[PDB]
Each structure stands twice: as structure tokens, then as C-alpha cells.
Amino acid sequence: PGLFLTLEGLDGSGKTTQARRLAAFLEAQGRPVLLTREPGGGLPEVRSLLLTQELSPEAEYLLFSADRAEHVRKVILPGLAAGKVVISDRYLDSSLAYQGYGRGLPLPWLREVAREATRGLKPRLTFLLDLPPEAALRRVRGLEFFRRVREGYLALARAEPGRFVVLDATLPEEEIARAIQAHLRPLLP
């Protein structure tokens, strides 16, 4: 039993908003739900090292992967074992987009590290809230970096189009929330 779902996208794309909308929707149907996030979901103390004095991208990813390893084993898998819909605000795909396409780290190395960290656990669906960097920076707070990240997410979507549900994040919140519920309707329970 259980159903693992993730929300993905740039900063200010609406991940947390749609994650909370989905949680409350499933909760209103009386379904068990575990809303979680990355980083912090497995090892909460890793979030302090995110805001650390000029941390290298390789070390940053390995901290993410340590947290994600603990997140999978002690929170997500038990949640799935208990029949919950586990929704994670960010997952592996965040690291692949930001570290791989954004910062430039080799993808085979990232996937090699992730293979044992994640225990092979892929989301059943991943909802990619896609919008341009210019719109993303207006929502949340160089644009060349976020352009590579955006293209990375689409490259990952192109590689796994069954898993990735690509949605226009500039659409209204209701229209996006209604669409996410439509993609999940047949998967429940």
C-alpha cells in the first residue's frame, strides 16, 4: 500500500502551496497523509548547513543525500508501509536539477550516489510546476543559473514523461490544484 508523490520546480513555482492544497484535499476525503519536505525531512540539522560559509556543491549534495537517505528509511517508507499518501516538498529531482544542470556536477555521479541513498525509491508521480526564471524571481524574492535549472527539470521530464506531470505554474492555483487532483483520481487508494 501507500502512494509516494513529489512536487518539483524553481523557487517560487508554488510547490509548497500545491503540496498543502493536495494534503488538505486528501485529508478532507479521510485519507492518511504524510506531508514532508527536503532538505530537513530525514536529518533536520542539515538545514543549518545549507546556510553555511561557502559550502562546495559536491559537499552540499552529499549532505542532501545523507538527509534524503535518512528521510527515505525512517519517514517515507514507514509512511508508505502504513498506507499513507506521502507527499514530499522536493525530492532527488531537486538535487539533479540544481546540482547537475545548475552547478554542473556530473549526472552519472549524482545518480550513482542517489541509487543507494534513495534505495531505488522513485515517486509514483512528480508534479513539475514549470515557469520561467524571470517569473520565479518575481514570486520568491543570476538568471543564467535558474535558466539551466529550469531546462534541467524539463530534460528530466523528457527522460521520464510517465512519472513527470508537467504543469504551467503561471496558471491559477485552483486550475493547477484541480489538475493535480485529476491526475491522482485513478491512483487512489
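One-based numbering along the sequence shown. By rigid core we mean the largest C-alpha set that fits within 1.5 Å across both forms.
With 58-66 and 45-53 as candidates, the stretch whose CA atoms show the greater average offset from this form in 6 other deposited structures of this protein after a core fit is 45-53. Farther from the shown form on average, by C-alpha root mean square after a core fit in 6 other deposited structures of this protein, is 23-31, of the stretches 119-127 and 23-31. Across the other compared structures of the same protein with both neighbouring residues present, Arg37 carries coordinates in every case, with no third of them leaving it out.
Gaps at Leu156 occur in none of the other compared entries of the protein that contain both adjacent residues, all of which model it rather than a third dropping it. In terms of unmodelled positions of the deposited sequence, the chain runs continuously from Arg158 to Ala159 in this entry. When the C-alpha B-factors of 53-61 and 24-32 are averaged, 53-61 comes out higher. According to the PDB record, 109-117 carries the higher mean C-alpha B-factor of the two stretches 109-117 and 78-86. For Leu128, the recorded CA B-factor ranks within the lowest third of the chain. Only modelled residues enter the ranking.
Among all modelled residues in its chain, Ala182 ranks in the lowest third by Cα B-factor. For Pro44, the recorded CA temperature factor ranks within the highest third of the chain's modelled residues.
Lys122 sits in the middle third of its chain by CA B factor, as recorded in the PDB entry. For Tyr153, the recorded CA B-factor ranks within the middle third of the chain. Only modelled residues enter the ranking.
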